[PDB]
$ cat data.txt   # compact mmCIF, C-alpha atoms and all ligand atoms
# COMPACT_ATOMS: atom_id res chain seq x y z
CA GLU A 1 -24.81 -36.53 -2.51
CA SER A 2 -26.91 -33.49 -1.62
CA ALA A 3 -29.20 -34.05 -4.66
CA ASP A 4 -30.20 -37.54 -3.38
CA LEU A 5 -31.23 -36.05 -0.05
CA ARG A 6 -33.29 -33.41 -1.86
CA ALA A 7 -35.00 -36.11 -3.90
CA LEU A 8 -35.77 -38.06 -0.68
CA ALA A 9 -37.06 -34.90 1.07
CA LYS A 10 -39.47 -34.35 -1.83
CA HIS A 11 -40.54 -37.97 -1.89
CA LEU A 12 -41.38 -37.81 1.81
CA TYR A 13 -43.29 -34.52 1.48
CA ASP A 14 -45.29 -36.00 -1.39
CA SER A 15 -46.35 -39.03 0.69
CA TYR A 16 -47.07 -36.72 3.64
CA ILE A 17 -49.55 -34.61 1.69
CA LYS A 18 -51.25 -37.72 0.35
CA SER A 19 -51.27 -39.48 3.73
CA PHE A 20 -52.70 -36.66 5.86
CA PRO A 21 -56.06 -35.06 5.00
CA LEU A 22 -55.26 -32.01 7.15
CA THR A 23 -51.90 -30.24 6.93
CA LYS A 24 -50.21 -27.48 8.87
CA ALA A 25 -50.65 -25.07 5.98
CA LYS A 26 -54.37 -25.71 5.81
CA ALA A 27 -54.70 -25.72 9.63
CA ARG A 28 -52.97 -22.41 10.06
CA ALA A 29 -54.90 -20.86 7.17
CA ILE A 30 -58.08 -21.84 9.03
CA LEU A 31 -56.74 -20.57 12.35
CA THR A 32 -55.06 -17.40 11.10
CA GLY A 33 -58.10 -16.13 9.14
CA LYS A 34 -56.95 -16.31 5.50
CA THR A 35 -64.14 -16.66 5.22
CA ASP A 36 -65.13 -20.22 4.03
CA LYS A 37 -62.30 -21.97 5.86
CA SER A 38 -63.32 -20.45 9.21
CA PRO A 39 -64.60 -22.92 11.87
CA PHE A 40 -67.42 -23.09 14.42
CA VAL A 41 -66.02 -22.71 17.93
CA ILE A 42 -66.98 -24.68 21.04
CA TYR A 43 -66.31 -22.93 24.35
CA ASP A 44 -69.24 -24.28 26.46
CA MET A 45 -71.96 -27.01 26.45
CA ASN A 46 -74.40 -24.91 24.40
CA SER A 47 -71.65 -24.51 21.76
CA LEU A 48 -70.85 -28.25 21.93
CA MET A 49 -74.54 -29.12 21.63
CA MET A 50 -74.96 -26.55 18.80
CA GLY A 51 -72.03 -28.04 16.83
CA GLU A 52 -73.78 -31.15 15.39
CA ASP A 53 -76.08 -29.15 13.12
CA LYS A 54 -73.04 -27.17 11.95
CA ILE A 55 -70.60 -30.15 11.76
CA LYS A 56 -70.68 -33.91 10.97
CA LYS A 57 -73.75 -40.19 27.53
CA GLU A 58 -71.58 -37.94 29.73
CA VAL A 59 -70.06 -34.95 27.93
CA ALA A 60 -66.49 -35.60 29.11
CA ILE A 61 -66.81 -39.23 28.03
CA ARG A 62 -68.22 -38.13 24.64
CA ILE A 63 -65.20 -35.89 24.05
CA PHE A 64 -62.83 -38.66 25.09
CA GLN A 65 -64.62 -41.12 22.82
CA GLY A 66 -64.19 -38.60 20.00
CA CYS A 67 -60.48 -38.33 20.72
CA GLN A 68 -60.16 -42.17 20.59
CA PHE A 69 -61.69 -42.27 17.12
CA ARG A 70 -59.37 -39.48 16.05
CA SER A 71 -56.30 -41.26 17.36
CA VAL A 72 -57.34 -44.46 15.56
CA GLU A 73 -57.69 -42.50 12.31
CA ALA A 74 -54.30 -40.83 12.90
CA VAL A 75 -52.59 -44.19 13.38
CA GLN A 76 -54.02 -45.35 10.05
CA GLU A 77 -52.76 -42.20 8.38
CA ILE A 78 -49.34 -42.54 10.01
CA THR A 79 -49.23 -46.21 9.07
CA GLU A 80 -49.99 -45.42 5.44
CA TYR A 81 -47.28 -42.76 5.54
CA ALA A 82 -44.80 -45.17 7.19
CA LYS A 83 -45.05 -47.59 4.25
CA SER A 84 -44.03 -44.72 1.92
CA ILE A 85 -40.69 -44.30 3.73
CA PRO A 86 -38.00 -45.99 1.69
CA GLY A 87 -36.86 -49.26 3.26
CA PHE A 88 -39.40 -49.40 6.09
CA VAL A 89 -41.58 -51.99 4.33
CA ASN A 90 -38.50 -54.14 3.72
CA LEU A 91 -37.56 -54.37 7.36
CA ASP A 92 -38.60 -57.40 9.40
CA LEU A 93 -42.34 -57.50 9.97
CA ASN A 94 -42.00 -57.64 13.76
CA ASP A 95 -39.72 -54.65 13.67
CA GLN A 96 -42.19 -52.71 11.53
CA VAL A 97 -44.86 -53.27 14.18
CA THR A 98 -42.51 -52.26 17.02
CA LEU A 99 -41.43 -49.05 15.30
CA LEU A 100 -45.05 -48.19 14.54
CA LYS A 101 -46.39 -48.65 18.03
CA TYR A 102 -43.69 -46.45 19.70
CA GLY A 103 -43.70 -43.94 16.83
CA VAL A 104 -47.46 -43.44 16.70
CA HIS A 105 -47.80 -41.60 19.98
CA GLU A 106 -44.86 -39.27 19.44
CA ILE A 107 -45.98 -38.53 15.88
CA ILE A 108 -49.56 -37.82 16.93
CA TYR A 109 -48.52 -35.15 19.45
CA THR A 110 -46.24 -33.56 16.83
CA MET A 111 -49.00 -33.54 14.21
CA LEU A 112 -51.44 -32.31 16.89
CA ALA A 113 -49.23 -29.24 17.46
CA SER A 114 -49.92 -27.97 13.90
CA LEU A 115 -53.63 -27.72 14.68
CA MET A 116 -53.06 -26.13 18.06
CA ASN A 117 -52.84 -22.50 19.13
CA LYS A 118 -52.70 -21.43 22.81
CA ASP A 119 -56.52 -21.25 22.65
CA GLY A 120 -57.40 -24.56 20.88
CA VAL A 121 -57.27 -27.74 18.89
CA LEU A 122 -58.98 -27.76 15.55
CA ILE A 123 -61.45 -30.59 15.24
CA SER A 124 -63.57 -32.36 12.64
CA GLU A 125 -60.93 -32.02 9.91
CA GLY A 126 -60.62 -28.31 10.78
CA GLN A 127 -64.42 -27.78 10.60
CA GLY A 128 -64.56 -26.97 14.32
CA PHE A 129 -62.42 -25.39 17.01
CA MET A 130 -62.44 -26.45 20.65
CA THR A 131 -61.21 -24.05 23.30
CA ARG A 132 -58.32 -25.01 25.59
CA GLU A 133 -60.30 -23.69 28.59
CA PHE A 134 -63.31 -25.83 27.74
CA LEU A 135 -61.12 -28.99 27.60
CA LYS A 136 -59.57 -28.08 30.97
CA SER A 137 -63.10 -27.61 32.34
CA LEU A 138 -64.00 -31.31 31.93
CA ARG A 139 -64.47 -33.08 35.27
CA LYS A 140 -61.66 -35.13 36.82
CA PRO A 141 -59.84 -37.15 35.80
CA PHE A 142 -60.60 -35.94 32.27
CA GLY A 143 -59.85 -32.20 32.48
CA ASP A 144 -56.08 -32.50 32.94
CA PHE A 145 -55.19 -34.68 29.87
CA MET A 146 -55.22 -32.14 27.03
CA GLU A 147 -53.07 -29.59 28.80
CA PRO A 148 -49.73 -31.42 28.35
CA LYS A 149 -50.29 -31.39 24.55
CA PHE A 150 -50.92 -27.65 24.53
CA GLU A 151 -47.72 -26.88 26.45
CA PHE A 152 -45.61 -28.81 23.96
CA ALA A 153 -47.47 -27.38 21.01
CA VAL A 154 -46.80 -23.74 22.00
CA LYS A 155 -43.09 -24.36 22.46
CA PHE A 156 -43.07 -26.51 19.32
CA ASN A 157 -44.95 -23.92 17.26
CA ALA A 158 -42.21 -21.30 17.93
CA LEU A 159 -39.91 -23.39 15.69
CA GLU A 160 -42.50 -22.74 12.96
CA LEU A 161 -41.69 -25.78 10.89
CA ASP A 162 -43.15 -26.24 7.39
CA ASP A 163 -45.06 -29.35 6.40
CA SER A 164 -41.96 -30.31 4.37
CA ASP A 165 -39.84 -30.21 7.52
CA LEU A 166 -42.42 -32.16 9.47
CA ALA A 167 -42.60 -34.99 6.96
CA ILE A 168 -38.87 -35.72 7.24
CA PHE A 169 -38.80 -35.15 11.00
CA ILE A 170 -41.49 -37.80 11.56
CA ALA A 171 -39.92 -40.41 9.32
CA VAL A 172 -36.96 -39.95 11.74
CA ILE A 173 -39.23 -40.56 14.73
CA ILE A 174 -40.73 -43.69 13.16
CA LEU A 175 -37.35 -45.03 12.18
CA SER A 176 -35.79 -45.31 15.64
CA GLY A 177 -33.16 -47.97 16.44
CA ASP A 178 -33.66 -47.47 20.20
CA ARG A 179 -37.17 -48.99 20.30
CA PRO A 180 -37.47 -51.87 22.80
CA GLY A 181 -37.54 -55.43 21.44
CA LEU A 182 -36.21 -54.73 17.95
CA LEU A 183 -34.88 -57.87 16.28
CA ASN A 184 -32.46 -55.96 13.97
CA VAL A 185 -31.19 -52.44 14.70
CA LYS A 186 -28.45 -51.94 12.03
CA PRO A 187 -30.89 -51.86 9.07
CA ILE A 188 -33.11 -49.34 10.94
CA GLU A 189 -30.20 -47.03 11.92
CA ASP A 190 -28.91 -46.83 8.36
CA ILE A 191 -32.29 -45.64 7.16
CA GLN A 192 -32.54 -43.13 10.09
CA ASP A 193 -29.07 -41.76 9.22
CA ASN A 194 -30.31 -41.04 5.73
CA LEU A 195 -33.46 -39.29 7.07
CA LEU A 196 -31.38 -37.24 9.52
CA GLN A 197 -29.17 -36.19 6.60
CA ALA A 198 -32.26 -35.14 4.65
CA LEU A 199 -33.59 -33.23 7.65
CA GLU A 200 -30.28 -31.39 8.19
CA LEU A 201 -30.18 -30.38 4.51
CA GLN A 202 -33.87 -29.44 4.51
CA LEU A 203 -33.66 -27.34 7.67
CA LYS A 204 -30.63 -25.38 6.48
CA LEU A 205 -32.19 -24.74 3.05
CA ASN A 206 -35.70 -24.12 4.37
CA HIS A 207 -34.54 -22.09 7.45
CA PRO A 208 -31.05 -20.68 6.65
CA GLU A 209 -31.55 -17.80 9.12
CA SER A 210 -32.46 -20.16 12.00
CA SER A 211 -29.40 -21.28 13.97
CA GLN A 212 -29.03 -24.88 15.16
CA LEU A 213 -32.65 -25.63 14.19
CA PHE A 214 -31.72 -29.24 13.47
CA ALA A 215 -30.33 -29.76 16.96
CA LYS A 216 -33.20 -27.78 18.55
CA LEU A 217 -35.73 -29.89 16.66
CA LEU A 218 -33.97 -33.07 17.71
CA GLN A 219 -34.06 -32.02 21.39
CA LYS A 220 -37.86 -31.61 21.39
CA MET A 221 -38.04 -35.42 21.10
CA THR A 222 -37.07 -35.57 24.79
CA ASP A 223 -40.30 -33.65 25.37
CA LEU A 224 -42.34 -35.97 23.20
CA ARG A 225 -41.24 -39.01 25.19
CA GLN A 226 -42.24 -37.22 28.42
CA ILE A 227 -45.77 -36.55 27.05
CA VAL A 228 -46.19 -40.26 26.25
CA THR A 229 -45.27 -41.33 29.80
CA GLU A 230 -47.80 -38.91 31.33
CA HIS A 231 -50.48 -39.96 28.82
CA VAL A 232 -50.13 -43.69 29.61
CA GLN A 233 -50.40 -43.02 33.35
CA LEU A 234 -53.50 -40.91 32.78
CA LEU A 235 -54.97 -43.60 30.56
CA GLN A 236 -54.46 -46.37 33.15
CA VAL A 237 -56.35 -44.24 35.74
CA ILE A 238 -59.26 -43.70 33.32
CA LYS A 239 -59.82 -47.44 32.94
CA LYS A 240 -59.95 -48.11 36.71
CA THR A 241 -62.16 -45.09 37.46
CA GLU A 242 -64.56 -45.72 34.57
CA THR A 243 -65.05 -49.52 34.28
CA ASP A 244 -67.90 -48.70 31.88
CA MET A 245 -65.69 -47.19 29.13
CA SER A 246 -64.33 -49.23 26.20
CA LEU A 247 -60.84 -48.87 24.70
CA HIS A 248 -60.20 -49.42 21.01
CA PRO A 249 -58.25 -52.62 20.17
CA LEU A 250 -55.71 -50.76 18.00
CA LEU A 251 -55.18 -48.19 20.78
CA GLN A 252 -54.96 -50.96 23.39
CA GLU A 253 -52.24 -52.77 21.42
CA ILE A 254 -50.18 -49.66 21.00
CA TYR A 255 -50.37 -48.59 24.70
CA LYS A 256 -49.72 -52.02 26.30
CA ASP A 257 -46.25 -53.32 27.22
CA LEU A 258 -44.74 -49.87 26.61
CA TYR A 259 -41.46 -49.07 28.39
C1 LIG A 301 -57.43 -36.39 21.75
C2 LIG A 301 -57.62 -36.21 20.25
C3 LIG A 301 -57.90 -35.03 19.69
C4 LIG A 301 -58.07 -33.84 20.57
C5 LIG A 301 -58.82 -32.79 19.80
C6 LIG A 301 -60.09 -32.47 20.05
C7 LIG A 301 -60.98 -33.16 21.07
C8 LIG A 301 -61.19 -34.57 20.53
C9 LIG A 301 -62.19 -34.96 19.74
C10 LIG A 301 -63.29 -34.04 19.30
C11 LIG A 301 -63.91 -34.65 18.07
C12 LIG A 301 -63.31 -34.63 16.88
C13 LIG A 301 -61.95 -33.99 16.64
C14 LIG A 301 -61.01 -34.82 15.78
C15 LIG A 301 -61.50 -35.05 14.35
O1 LIG A 301 -62.65 -35.57 14.17
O2 LIG A 301 -60.71 -34.72 13.39
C16 LIG A 301 -55.91 -36.44 22.03
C17 LIG A 301 -55.35 -37.84 22.21
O3 LIG A 301 -54.28 -38.11 21.69
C18 LIG A 301 -56.08 -38.90 23.03
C19 LIG A 301 -55.64 -40.33 22.79
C20 LIG A 301 -56.26 -41.32 23.42
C21 LIG A 301 -57.39 -41.08 24.41
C22 LIG A 301 -58.47 -42.02 24.00

$ encode --input "data.txt" --output "structure tokens"
Amino acid sequence: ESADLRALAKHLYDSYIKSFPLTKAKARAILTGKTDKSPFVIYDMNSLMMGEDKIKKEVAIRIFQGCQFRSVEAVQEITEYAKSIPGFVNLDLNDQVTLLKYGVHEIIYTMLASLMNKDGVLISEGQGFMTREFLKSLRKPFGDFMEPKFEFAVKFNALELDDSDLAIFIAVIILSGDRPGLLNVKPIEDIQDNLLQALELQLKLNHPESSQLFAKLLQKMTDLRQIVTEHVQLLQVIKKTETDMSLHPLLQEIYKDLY
């Protein structure tokens, strides 16, 4: 029944808004220019240094440390959201953990896209804006790492998905039967099938003019997986090069034994 899928789509959107402090609608209102919302921009070290009075130790390291904190916070948000998804909490506990750790990275890059424009990532809950050029500027090996996210985001943004689309699309990512080491796949695939049905309905209703948006959206996932591979490689280099830099336990658990 179409009505059941609509009810599920709304349930997921409701949890999404509650789970994520900053949404695409808010992000884009801040970026687009819809007075008070408007953020302080960091393009250089003077701007970065100036920021702290405006907004709530090597510089490159300090940015990376910031990004770690942000990722940890995102996982927590995604994890809260994941519980909301019908059936996920009922799955085997080991399976829940497996889904979460593979999902988290893919979901983060997707959610990151909403804050991105070709110039920058919003920061500090949309209080600040950091330039893409400034992030590239950071000394090796650090300067490269943001760029892959920007490339995906620009292509991804062209789809121009609503927050309501995103919420369903990410439940689909979390609920993947393919994940390595899953004890039971059948229960997971049945739930994913339902989410995919909700997404299909949602995309047609929300974007009737767009053609094959469902398929196009599903293909992007290939891209997400690619970003993860590159990120892990980058991350392994960072540890060897900087012995002095700590990695968050939660982040460490997610990244280890991955593919
Ligand atoms: C790094 C995470 C976010 C990139 C955006 C901006 C630069 C990072 C931090 C600046 C400080 C605050 C912004 C965030 C906030 O407070 O809301 C991308 C990433 O996924 C890296 C993951 C692991 C590397 C440790």

$ closest_atom_pairs --input "data.txt" --of "chain A" --to "ligand LIG 301 (chain A)" --cutoff "6 Å" --atoms "only C-alpha atoms and all ligand atoms" --output "Markdown table"
| residue | atom | partner | partner_atom | distance |
| --- | --- | --- | --- | --- |
| A:63 | CA | A:LIG301 | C9 | 5.3 |
| A:64 | CA | A:LIG301 | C22 | 5.6 |
| A:66 | CA | A:LIG301 | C9 | 4.2 |
| A:67 | CA | A:LIG301 | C2 | 3.6 |
| A:68 | CA | A:LIG301 | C22 | 3.8 |
| A:70 | CA | A:LIG301 | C14 | 4.9 |
| A:71 | CA | A:LIG301 | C19 | 5.5 |
| A:121 | CA | A:LIG301 | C5 | 5.4 |
| A:123 | CA | A:LIG301 | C13 | 3.7 |
| A:124 | CA | A:LIG301 | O1 | 3.7 |
| A:125 | CA | A:LIG301 | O2 | 4.4 |

$ closest_residue --input "data.txt" --among "A:233, A:197, A:192, A:246" --to "residue 144 of chain A" --atoms "only C-alpha atoms"
A:233

$ closest_atom_pairs --input "data.txt" --of "segment 177-236 of chain A" --to "segment 82-97 of chain A" --cutoff "8 Å" --atoms "only C-alpha atoms" --output "CSV"
residue,atom,partner,partner_atom,distance
A:182,CA,A:95,CA,5.5
A:183,CA,A:95,CA,6.4
A:184,CA,A:95,CA,7.4
A:187,CA,A:91,CA,7.3
A:188,CA,A:91,CA,7.6
A:191,CA,A:87,CA,7.0

$ write_last_selection --input "data.txt" --atoms "C-alpha atoms" --output "PDB file, in the coordinates of the input"
ATOM      1  CA  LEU A 182     -36.210 -54.730  17.950  1.00  0.00           C
ATOM      2  CA  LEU A 183     -34.880 -57.870  16.280  1.00  0.00           C
ATOM      3  CA  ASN A 184     -32.460 -55.960  13.970  1.00  0.00           C
ATOM      4  CA  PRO A 187     -30.890 -51.860   9.070  1.00  0.00           C
ATOM      5  CA  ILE A 188     -33.110 -49.340  10.940  1.00  0.00           C
ATOM      6  CA  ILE A 191     -32.290 -45.640   7.160  1.00  0.00           C
TER       7      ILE A 191
END

$ closest_residue --input "data.txt" --among "A:5, A:74, A:254, A:146" --to "residue 116 of chain A" --atoms "only C-alpha atoms"
A:146

$ closest_residue --input "data.txt" --among "A:101, A:118, A:132, A:149" --to "residue 176 of chain A" --atoms "all atoms listed in the file"
A:101

$ closest_residue --input "data.txt" --among "A:228, A:72, A:133, A:24" --to "residue 249 of chain A" --atoms "all atoms listed in the file"
A:72

$ closest_residue --input "data.txt" --among "A:37, A:248, A:186, A:11" --to "residue 126 of chain A" --atoms "only C-alpha atoms"
A:37

$ residues_around --input "data.txt" --residues "residue 160 of chain A" --least-positions-apart "6" --cutoff "12 Å" --atoms "only C-alpha atoms" --output "list in words"
residues 24, 25, 28, 113, 114, 153, 154, 166, 203, 206, 207, 210, 213, 216 and 217 of chain A

$ closest_residue --input "data.txt" --among "A:33, A:148, A:39, A:128" --to "residue 224 of chain A" --atoms "only C-alpha atoms"
A:148

$ residues_near_point --input "data.txt" --point "(-58.4, -38.7, 33.9)" --cutoff "8 Å" --atoms "only C-alpha atoms" --output "ChimeraX atom specification"
/A:140-145,234-235,237-238

$ residues_around --input "data.txt" --residues "residue 58 of chain A" --least-positions-apart "6" --cutoff "12 Å" --atoms "only C-alpha atoms" --output "NGL selection string"
:A and (45 or 64-65 or 138-139 or 142 or 242 or 244-245)

$ closest_atom_pairs --input "data.txt" --of "segment 120-198 of chain A" --to "segment 102-105 of chain A" --cutoff "8 Å" --atoms "only C-alpha atoms" --output "tab-separated table"
residue	atom	partner	partner_atom	distance
A:173	CA	A:103	CA	6.0
A:174	CA	A:103	CA	4.7
A:175	CA	A:103	CA	7.9
A:179	CA	A:102	CA	7.0

$ residues_around --input "data.txt" --residues "residue 236 of chain A" --least-positions-apart "3" --cutoff "12 Å" --atoms "all atoms listed in the file" --output "CSV table (one decimal) with C-alpha atoms, in the coordinates of the input"
chain,number,residue,atom,x,y,z
A,141,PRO,CA,-59.8,-37.2,35.8
A,229,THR,CA,-45.3,-41.3,29.8
A,230,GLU,CA,-47.8,-38.9,31.3
A,231,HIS,CA,-50.5,-40.0,28.8
A,232,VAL,CA,-50.1,-43.7,29.6
A,233,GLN,CA,-50.4,-43.0,33.4
A,239,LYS,CA,-59.8,-47.4,32.9
A,240,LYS,CA,-60.0,-48.1,36.7
A,241,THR,CA,-62.2,-45.1,37.5
A,242,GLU,CA,-64.6,-45.7,34.6
A,243,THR,CA,-65.0,-49.5,34.3
A,245,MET,CA,-65.7,-47.2,29.1
A,247,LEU,CA,-60.8,-48.9,24.7
A,252,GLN,CA,-55.0,-51.0,23.4
A,255,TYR,CA,-50.4,-48.6,24.7
A,256,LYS,CA,-49.7,-52.0,26.3
